[PDB]
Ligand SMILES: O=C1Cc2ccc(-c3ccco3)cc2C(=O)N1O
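So this first bit is one chain, no partners, the form deposited without the ligand, shown in structure tokens.
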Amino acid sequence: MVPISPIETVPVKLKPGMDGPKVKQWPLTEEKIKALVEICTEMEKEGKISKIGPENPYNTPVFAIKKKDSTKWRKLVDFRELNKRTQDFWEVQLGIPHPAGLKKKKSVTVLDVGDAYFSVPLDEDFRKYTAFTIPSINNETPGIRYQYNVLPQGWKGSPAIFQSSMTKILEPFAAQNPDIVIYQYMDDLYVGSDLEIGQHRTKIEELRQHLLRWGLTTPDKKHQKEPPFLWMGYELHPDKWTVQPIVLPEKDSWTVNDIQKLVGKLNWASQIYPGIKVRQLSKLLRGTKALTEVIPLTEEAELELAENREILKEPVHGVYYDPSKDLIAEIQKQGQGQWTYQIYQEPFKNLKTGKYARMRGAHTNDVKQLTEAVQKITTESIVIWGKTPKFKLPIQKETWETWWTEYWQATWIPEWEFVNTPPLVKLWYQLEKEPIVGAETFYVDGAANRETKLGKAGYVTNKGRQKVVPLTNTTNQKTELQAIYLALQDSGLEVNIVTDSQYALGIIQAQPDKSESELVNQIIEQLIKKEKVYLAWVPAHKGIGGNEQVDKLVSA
């Protein structure tokens, strides 16, 4: 006997106040019972389960599932109830590596750890909660009672405990062999390196020797698995990666469910294929959510789909990360609140691509969206590469400078350079800091009846220009904007506007270039045509000249 190191058990508890499962065993056909008896007899010989006395109060139901085509049964213990009562664990399998952050490897070998997969010991005090019963034939004897000595498949704690146990075993090997990488997925270990293939093979044997210390055997006959690997929806190759094949179906009719799966495919593709756009296709899913409902595609959605098909015409691959080189991120504006980006090190070789969509809100502008896109790419890049890429942005340095210095919020974007690739992001209007000498002054106001929704909007000016428009289906807030629109419409290229509307000021001070409100949009269109606009606020009803006058006119 060669002494082996025991794998240390993880102490496990039920959630506070909760007891273990007690769940009736379903009746089973005599056929299924005999198969379970045989299966458990073998499992018991291997030390995986043990027969227990009558004193154990707990139970979890056991099933016999027939493999398709097979004459051979499989045992299924349904742990759903125990899992509800089991404590939460630290789950390390969240945070999957992104292929774009991986490093190129000369060789990647796969080892089968399945022997260990079913061999990790379960905490002795917790074992009783895993009790199950094979029903006796004819119900004429007590059922055969077992409990698990090892991590049960399907139990809540098995994946985390297996991963942590394997990690602890592998740790000294990884640490003392910096020239390889080791990754654990299910019952396989993947080992890559840049070593000469002989040396690489040596490291593999050494790893096999190291695992033997715990008595974990890796099969002599080695793995069928080779690069390329199909993993988590990707294809990993030694020098490149991509997403698994993306094929968009042909249809004369589309439903909620199909458009959902279409967008999901497009979203997945967008991390490699540049320029993917989901806006119009996503819009078809607005509200609704009756899954089998057939939605007519808009012309816009058809156009977007056709554009995506062309992008997806032939395979595209990303390269891996070279830590000795800068990361560059480039962004383009696609329209309709859509942004797209590429991250690369060498020109014309992308590590990855991606997209960003405008957040839903009443009002927005291109500069804010660009800023948001930058912060998203930054965060993603910290996750994947641990550093911020240098940005190439379709906005001039002078434009950015004017924006951030005058914007009411603190705002920042990290090191970046202008790339001239239309459409460029620009400031469509900027309001004056001081009243304009020689420009006509418009005092505006509006008011609406809360019940009838009847209202008025208008202005009076220092030149005696005046207007009041009667309105229907309007609100006080809307009339305040309506009045500002009239002042813009009727004035020359330079204008001073005085309003009492905090609402209107709040919107305009937010500097939107686009809005869900048609009124705000037409106001923006007017602002764009002016040379100079000064907007002044005064409090309402204070006796302020020209504000008093127009307030009276519009109050009916």
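Note that residue numbering follows the sequence shown and begins at 1.
This protein has a second form, the form deposited with the ligand bound, left out of what is shown; the following refers to that one.
This chain is displayed without the ligand, yet in the entry with it bound the stretch 445-453 from 290-298, 445-453, 303-311, 122-130 comes within 4.5 Å of it by heavy atoms.
Between the ligand and the residues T29, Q502, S50, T41, the one pair within 4.5 Å by heavy atoms in the entry with it bound involves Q502. A residue is said to contact a partner when one of its heavy atoms sits within 4.5 Å of a partner heavy atom; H541 meets this definition for the ligand in the entry with it bound. In the entry with it bound, the ligand lies within 4.5 Å of some heavy atom of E480.
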